[PDB]
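# Notes for the structure review
Take a look at the letters that make up each chain.
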Amino acid sequence: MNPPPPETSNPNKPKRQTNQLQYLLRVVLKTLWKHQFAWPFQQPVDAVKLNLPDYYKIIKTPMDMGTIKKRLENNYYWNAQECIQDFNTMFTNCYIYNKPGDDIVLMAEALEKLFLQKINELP
Ligand SMILES: Cc1cc(C)cc(Nc2cccc(-c3c(C)nnn3C3CCN(C(=N)N)CC3)n2)c1
């Protein structure tokens, strides 16, 4: 079964809007979203759909770009580093669950390099 997806709202959490967070949504997230390798990462891993009973047995801090996008739209984050950490968790989860050379790992490796390129242009 699927655990609940990561929260995208938390009324007691303190929140911020910064120019860097705006850029993370407008440029980083929305450009990576359009990449030809982005599709596996656009929503939480659905272990029922994918017949993956051990995905959430192995991955304890799941993360995906749909969650990140919703978090940015809801101003969920305090700073850009907190959002950047979610991207890094998404990529590392993919390496943890899969194997070197797998198609999904090649996709994450390409997306991670593009992500780092865009982070260098943070205002
Ligand atoms: C057979 C296949 C290959 C590929 C490249 C993608 C898919 N579809 C999707 C859709 C949404 C998320 C994922 C995903 C993420 C994120 N992280 N891992 N995955 C899977 C886990 C199981 N898996 C395996 N080889 N046991 C493949 C990679 N994959 C299915």
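Residues numbered from 1 in each chain as written, not as in the entry; some residues may be left out. Heavy atoms only, no water. Residues with missing side-chain atoms left out of burial classes, pairs and counts.

X-ray crystallography is the method the PDB entry lists for this structure, together with a resolution of 1.42 Å.

Per the PDB entry, the recorded name for the protein is Bromodomain-containing protein 4, and the organism is Homo sapiens. This entry's official PDB title is "Triazole-based BET family bromodomain inhibitor bound to BRD4(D1)".

## Examining the packing of aromatic side chains
This is how it is decided: Pairing of aromatic side chains here covers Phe, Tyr and the six-membered ring of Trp, requires ring centres within 6.5 Å, and sorts the geometry by plane angle: under 30 degrees stacked, over 60 edge-to-face, intermediate tilted. Using a 1.4 Å probe on the protein chains alone, a residue whose accessible area is under 20% of its type maximum counts as buried, one over 50% counts as exposed, and one in between counts as partly exposed. Note on criteria: charge over ring means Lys NZ or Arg CZ within 6 Å of the ring centre, with the direction from the centre no more than 35 degrees off the ring normal.
In total, this model carries five aromatic pairs according to the counting rule given. Judged by centre distance (4.9 Å) and plane angle (85 degrees), the ring pair of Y55 and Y56 falls under edge-to-face. Neither residue differs from the other here; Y55 and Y56 are each classed as buried. In textbook terms, an aromatic cluster arises when at least three aromatic residues are bridged by ring pairs, as seen for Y55, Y56 and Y97. The aromatic ring of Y76 is capped on one face by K13, whose charged end is 4.5 Å from the ring centroid.

## Here we look at the packing of helix α1 (residues 19-32) against helix α5 (residues 103-119)
The description of two packed helices rests on the angle between their axes and on the distance between the axes. Heads up, the rule is: Axis definition: a line fit to C-alpha positions, over the contact stretch in the case of helices; interaxial angles, taken between N-to-C directions, run 0 to 180 degrees. Secondary structure elements follow DSSP: runs of H or I no shorter than four residues count as helices, runs of E no shorter than two count as strands, and numbering proceeds from the N terminus. Between 65 and 115 degrees an angle is taken as roughly perpendicular, under 35 as roughly parallel, over 145 as roughly antiparallel, and anywhere else as oblique. Note: crossing handedness is left-handed where the near helix turns anticlockwise from the far helix by less than a right angle, and right-handed where it turns clockwise. Note on definitions: a residue-residue contact is assigned when non-hydrogen atoms from the two residues lie within 4.5 Å. Under this grouping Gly is polar, as are all residues other than the nonpolar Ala, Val, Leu, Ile, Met, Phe, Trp, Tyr, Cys and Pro and the charged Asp, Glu, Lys and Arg.
The interhelical angle for the contact between α1 and α5, taken along N-to-C directions, is 155 degrees, at an axis separation of 10 Å. It follows that α1 is roughly antiparallel to α5 by the angle criterion. The interaxial crossing formed by α1 with α5 has right-handed handedness. Facing α1, whose interface residues are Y23, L24, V28, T31 and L32, α5 presents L111, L114, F115, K118 and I119. Residue composition of the contact of α1 with α5, grouped by class: eight nonpolar, one polar and one charged.

## Section: the packing of helix α4 (residues 80-97) against α5
Taken N-terminus to C-terminus, the directions of α4 and α5 make an angle of 160 degrees; their axes are 9 Å apart at the nearest point. Classified by the interaxial angle, the pair formed by α4 and α5 is roughly antiparallel. When the axes of α4 and α5 are compared, the crossing they make is left-handed. Contacts between α4 and α5 involve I84, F87, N88, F91, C94 and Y95 on the former and, on the latter, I104, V105, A108, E109, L111, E112, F115 and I119. Its residues assigned to classes, the contact of α4 with α5 comprises eleven nonpolar, one polar and two charged.

## What to know about the side chain of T18
To keep it simple, the criterion reads: For the purposes of these results, a polar contact is taken to be a pair of N or O atoms within 3.5 Å, where, inside protein, one atom must be able to donate a hydrogen and its partner to accept one; residues adjacent in sequence count only when each atom of the pair is a side-chain atom.
In this fold, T18 is placed in the segment before α1. Residue class for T18 comes out buried when judged on its relative accessible area of 17%. In this structure the side chain of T18 is engaged in a polar contact, spanning 3.0 Å, whose partner is the backbone nitrogen of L21.

## Focus on the site of the ligand
The test is simple: To be near a molecule or strand, a residue needs just one of its heavy atoms within 4 Å of it. All accessible-area figures derive from a Shrake-Rupley calculation using a 1.4 Å probe, and residue coverage is judged against the displayed protein chains alone. Method remark: on a 1 Å grid restricted to protein atoms, a set of points is classed as a cavity if a 1.4 Å probe fits but cannot get out and as a pocket if it is open with protein on both sides within 12 Å along at least five of seven lines; lining residues have an atom within 4 Å of a point. Any molecule with more than half of its atoms within 2 Å of a cavity's or pocket's grid points is regarded as sitting in that cavity or pocket.
Contacts to the ligand come from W39, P40, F41, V45, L50, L52, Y97, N98, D103 and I104. Out of a free accessible area of 590 Å², the ligand has 64% covered by protein chains. Of all the cavities here, the one that holds the ligand is the largest pocket. Partitioned by chemical class, the residues of the shell around the ligand number eight nonpolar, one polar and one charged.

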